[PDB]
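For the record, the sequence lines run as chains D and D'. A prime marks a further copy of an entry chain.
For the first sequence, position 35 matches number 35 in the entry's author numbering, and the numbering has no gaps at all.
For the second sequence, position 135 matches number 135 in the entry's author numbering, and the numbering has no gaps at all.
A quick write-up on the structure given underneath.
Number of protein chains: 2
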Amino acid sequence: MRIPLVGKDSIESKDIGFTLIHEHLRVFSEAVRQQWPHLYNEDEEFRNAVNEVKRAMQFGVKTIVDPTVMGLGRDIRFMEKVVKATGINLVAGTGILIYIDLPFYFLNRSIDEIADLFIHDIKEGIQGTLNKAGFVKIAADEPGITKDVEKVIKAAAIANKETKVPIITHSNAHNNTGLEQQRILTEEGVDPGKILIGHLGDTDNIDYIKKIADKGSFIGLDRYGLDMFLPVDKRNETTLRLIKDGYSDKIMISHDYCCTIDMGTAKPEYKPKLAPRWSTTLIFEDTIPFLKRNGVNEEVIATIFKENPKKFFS
Amino acid sequence: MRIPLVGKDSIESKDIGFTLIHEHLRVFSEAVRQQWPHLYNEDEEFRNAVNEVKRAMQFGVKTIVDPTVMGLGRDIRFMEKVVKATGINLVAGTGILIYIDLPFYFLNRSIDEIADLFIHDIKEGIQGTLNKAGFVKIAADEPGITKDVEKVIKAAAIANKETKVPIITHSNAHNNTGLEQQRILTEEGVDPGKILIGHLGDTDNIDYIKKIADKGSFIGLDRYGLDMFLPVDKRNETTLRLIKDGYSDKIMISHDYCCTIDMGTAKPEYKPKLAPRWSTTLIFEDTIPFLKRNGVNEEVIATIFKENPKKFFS
Ligand SMILES: [Co+2]
Ligand SMILES: [Co+2]
Ligand SMILES: [Fe+3]
Ligand SMILES: [Fe+3]
Numbered sequence: 001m002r003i004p005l006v007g008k009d010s011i012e013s014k015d016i017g018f019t020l021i022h023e024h025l026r027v028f029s030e031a032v033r034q035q036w037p038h039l040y041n042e043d044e045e046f047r048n049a050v051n052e053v054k055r056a057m058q059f060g061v062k063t064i065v066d067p068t069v070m071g072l073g074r075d076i077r078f079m080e081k082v083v084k085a086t087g088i089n090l091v092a093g094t095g096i097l098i099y100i101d102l103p104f105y106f107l108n109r110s111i112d113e114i115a116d117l118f119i120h121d122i123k124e125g126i127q128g129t130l131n132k133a134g135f136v137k138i139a140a141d142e143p144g145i146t147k148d149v150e151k152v153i154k155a156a157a158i159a160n161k162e163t164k165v166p167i168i169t170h171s172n173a174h175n176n177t178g179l180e181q182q183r184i185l186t187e188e189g190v191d192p193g194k195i196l197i198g199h200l201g202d203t204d205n206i207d208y209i210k211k212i213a214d215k216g217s218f219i220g221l222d223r224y225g226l227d228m229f230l231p232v233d234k235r236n237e238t239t240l241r242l243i244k245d246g247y248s249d250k251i252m253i254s255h256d257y258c259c260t261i262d263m264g265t266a267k268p269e270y271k272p273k274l275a276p277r278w279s280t281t282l283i284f285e286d287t288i289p290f291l292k293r294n295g296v297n298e299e300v301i302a303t304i305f306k307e308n309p310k311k312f313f314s
Numbered sequence: 001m002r003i004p005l006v007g008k009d010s011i012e013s014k015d016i017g018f019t020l021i022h023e024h025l026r027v028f029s030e031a032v033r034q035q036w037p038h039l040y041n042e043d044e045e046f047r048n049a050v051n052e053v054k055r056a057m058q059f060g061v062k063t064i065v066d067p068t069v070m071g072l073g074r075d076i077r078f079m080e081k082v083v084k085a086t087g088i089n090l091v092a093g094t095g096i097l098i099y100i101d102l103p104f105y106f107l108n109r110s111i112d113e114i115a116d117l118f119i120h121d122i123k124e125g126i127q128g129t130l131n132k133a134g135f136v137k138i139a140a141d142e143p144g145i146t147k148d149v150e151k152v153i154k155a156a157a158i159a160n161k162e163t164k165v166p167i168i169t170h171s172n173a174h175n176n177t178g179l180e181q182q183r184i185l186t187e188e189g190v191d192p193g194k195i196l197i198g199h200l201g202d203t204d205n206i207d208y209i210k211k212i213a214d215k216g217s218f219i220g221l222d223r224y225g226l227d228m229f230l231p232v233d234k235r236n237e238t239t240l241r242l243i244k245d246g247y248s249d250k251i252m253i254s255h256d257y258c259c260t261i262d263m264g265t266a267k268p269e270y271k272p273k274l275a276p277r278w279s280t281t282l283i284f285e286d287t288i289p290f291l292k293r294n295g296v297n298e299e300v301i302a303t304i305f306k307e308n309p310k311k312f313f314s
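In structure tokens form, the structure reads like this:
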């Protein structure tokens, strides 16, 4: 297939190259930014995103997939400015990130109406531009598969069947929300190989992770650097074990890094070892060197960062 | 006190004149408008608001209080354009309308931080303008007094104690959310006479309505025309009974009219009598004529629409 890119002509999926599948140029709550602009500094957000993207490119990253959608402050014009300043291939998406209920707008509205919003972004363009969405992003977390969460999942299935774009999820690794997302999507006719079940790297429960991979979907070991969810060393051991056991062709690795994010800062926790620097390049500083010196060869690295994204977007 | 007005110098509260205490120039879900602008037409929204405001002014309305805040799409620049086009006195507010949880921005943030946002809008101005907020708006509905709902209530109390602006609420008339809002605010030191408990006209449970008025707060008979909550005739009978029983000095009347609103349309219900035309002038067409021909004198009308707002803002 051809993948739409922000600020560029679309590319063939075979040309995606080395990809970070889950990173955020910027995240914010739409209602807070609209109501209290004094809390934000767009110039700093722009500088932060440009600098992070440039650093990723210096390590060989060719494409970044950014699943900032409704609920996380997607801004296609900000994204296109970052592209112009860096030259990155940037894949933007459509979708909705909620944990409980949809915004009031959606009262009395059908799953088809929700799907039409996603299809609009895929076929016509995002936010009044010709930049088109290349995937759909959906979520579930601690509250489980609520009524409105299910509506969004089913709308993503409709958009995938109509346009063939893949689906990226946010899940909570400690309930079975990821497993439920996969099942609900596949029951609607979505190819399991067109789904990335997100945030599975937040657990060391390898049997749960493997169960989802064995059902055909990519597994998101996608929060490297967020020690609050799982420390880097345990993520590395889980990643290494999955590679040793033959799961390279389902593994996707990223950081979920937010070059800026507006949420309040949680209480710091200090451990014996110096805290890792969460960024878009931590895997080049820590994870990839760790895998290599544990015997993981170059072909595994190419599978995870090139072949798997290529398949996902094919 | 002096009441700040959008696009005008502040006025003494004695000069507020005939007031509609709860009307919306425009409502939308911030995240949906940001992500799917194709669903909206600002020129139509502007025309609708200007035309409604002009009609209200033709019946003698001097001031409109608009409690559109975070969660309902407050836009101070849109409001100031409507003022420029009409000459209305418009009171804008600050606050947050949620039913369950706050946006992700508020994770790990204190009640004091929330109050600081409201105080910023009151003292410094709304959305980067010098238009200042003249009241705080808070909500609770079917989910009851959740953790985050309580946080917003307590933040409104802090803002009221610091700045002396009054508090308008949204409640669900069929639970005791309005009674709970009143109690929580008064326990924090808010004068009950600085509170309007909203949406009480949605019930004909006169004992519940009177209980709140007797605890010192204004009662919002504030959704005239929304037959889905309560039909006009039963609202009129409840209003008349409250007047007959001596409650004029606590009654506030409005329509909650939204000149535009983005929410999906509920299923229509057709009754034997022609449905009333919900607008900002329905009370001049129906309610006020009904009260007068049932013996309600001009002094009652002046109490409800002039003296009560004056007290509320004093
Ligand atoms: Co996520
Ligand atoms: Co309300
Ligand atoms: Fe993310
Ligand atoms: Fe309202």
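Ideal placement from N, C-alpha and C gives every residue a C-beta, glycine not left out.
Listed along the chain, the chain D' residues whose CB falls inside 7 Å of the CB of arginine 109 of chain D are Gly264. The region 237-257 of chain D makes contact with the region 13-24 of chain D: 3 or more CB pairs, one atom from each, lie closer than 8 Å.
Under the 8 Å criterion on CB atoms, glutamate 298 of chain D is classed as non-interfacial with respect to chain D'.
Per DSSP, the beta bridge partners of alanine 92 of chain D are D/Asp66. Shown here is that no member of the region 272-296 of chain D' has a Cβ falling below 8 Å from a Cβ of chain D. The nearest non-hydrogen atom of ligand 2 is less than 7 Å from the C-beta of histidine 170 of chain D'. Nearest in C-alpha terms to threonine 146 of chain D', of all of D'/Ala133, D'/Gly128, D'/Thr177 and D'/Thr169, is D'/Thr177.
According to the DSSP assignment, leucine 117 of chain D' belongs to the alpha helix (DSSP H) that extends over 111-123. Runs of the beta strand (DSSP E) spanning 3 or more residues and lying entirely within the region 123-207 of chain D occur at 136-139, 167-170 and 195-197, in chain order. The beta carbons of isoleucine 114 of chain D and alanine 139 of chain D sit no closer together than 8 Å.
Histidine 120 of chain D has a beta carbon lying within less than 8 Å of a beta carbon in chain D'. Under DSSP, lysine 8 of chain D' forms a beta bridge with D'/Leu5. Non-local beta-carbon contacts of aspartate 121 of chain D in its own chain, meaning distances under 6 Å to residues more than five positions away in sequence, involve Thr94 and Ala133 in chain order. Between ligand 3 and the CB of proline 166 of chain D, the shortest heavy atom gap is not smaller than 7 Å. Interface flag for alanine 156 of chain D' against chain D is unset, since no Cβ pair is found closer than 8 Å.
At a cut-off of 8 Å, the C-beta of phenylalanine 106 of chain D has a neighbouring C-beta in chain D'. Against chain D', a Cβ distance below 8 Å from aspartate 148 of chain D picks out nothing, because the smallest value is about 11 Å. Relative to ligand 3, even the nearest heavy atom lies 7 Å or more away from the CB of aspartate 262 of chain D. Ranked by how close their Cα comes to the Cα of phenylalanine 305 of chain D', the residues D'/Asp222, D'/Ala266 and D'/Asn48 have D'/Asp222 in first place.
Collapsing the DSSP output to three states places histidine 24 of chain D in a strand. For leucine 25 of chain D, the closest alpha carbon among the candidates D/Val232, D/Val83 and D/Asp245 is that of D/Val83.
The alpha-carbon separation between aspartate 116 of chain D and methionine 79 of chain D amounts to approximately 23 Å. Taking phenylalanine 28 of chain D as the centre and dropping the five residues before and after it, the same chain places the C-beta of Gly73 and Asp262 closer than 6 Å to its C-beta, in chain order. Distances from the CB of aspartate 256 of chain D to the heavy atoms of ligand 1 include at least one below 7 Å.
Set against 7 Å, the gap from the CB of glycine 73 of chain D' to the closest heavy atom of ligand 2 is not smaller.
Ranked by Cα distance from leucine 5 of chain D', the first of D'/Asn131, D'/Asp202, D'/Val69 and D'/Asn48 is D'/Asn131. Each residue's CA atom was taken as its position, placing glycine 264 of chain D' and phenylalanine 104 of chain D some 8 Å apart.
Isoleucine 100 of chain D sits in coil when the DSSP states are folded into three classes, being neither helix nor strand.
If you draw a straight line from the Cα of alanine 157 of chain D to the Cα of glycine 193 of chain D, it is about 13 Å long. Rounded to the nearest whole angstrom, the CA to CA distance from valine 232 of chain D' to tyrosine 208 of chain D' is 19 Å.
For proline 309 of chain D, no Cβ of chain D' is located within less than 8 Å of the residue's own Cβ.
Of the other Cβ atoms in all chains shown, fewer than 16 fall within 10 Å of the Cβ of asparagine 205 of chain D; this residue is therefore exposed. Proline 67 of chain D has its CB nearer than 7 Å to a heavy atom of ligand 3.
The region 220-286 of chain D contains, as complete beta strand (DSSP E) runs of 3+ residues, the segments 251-253 (chain order). Residues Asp141 and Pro143 of the same chain have their beta carbon placed closer than 6 Å to that of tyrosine 99 of chain D, with the five preceding and five following residues left out of the count.
When the Cα atoms are used, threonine 86 of chain D' and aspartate 66 of chain D' turn out to be separated by approximately 15 Å.
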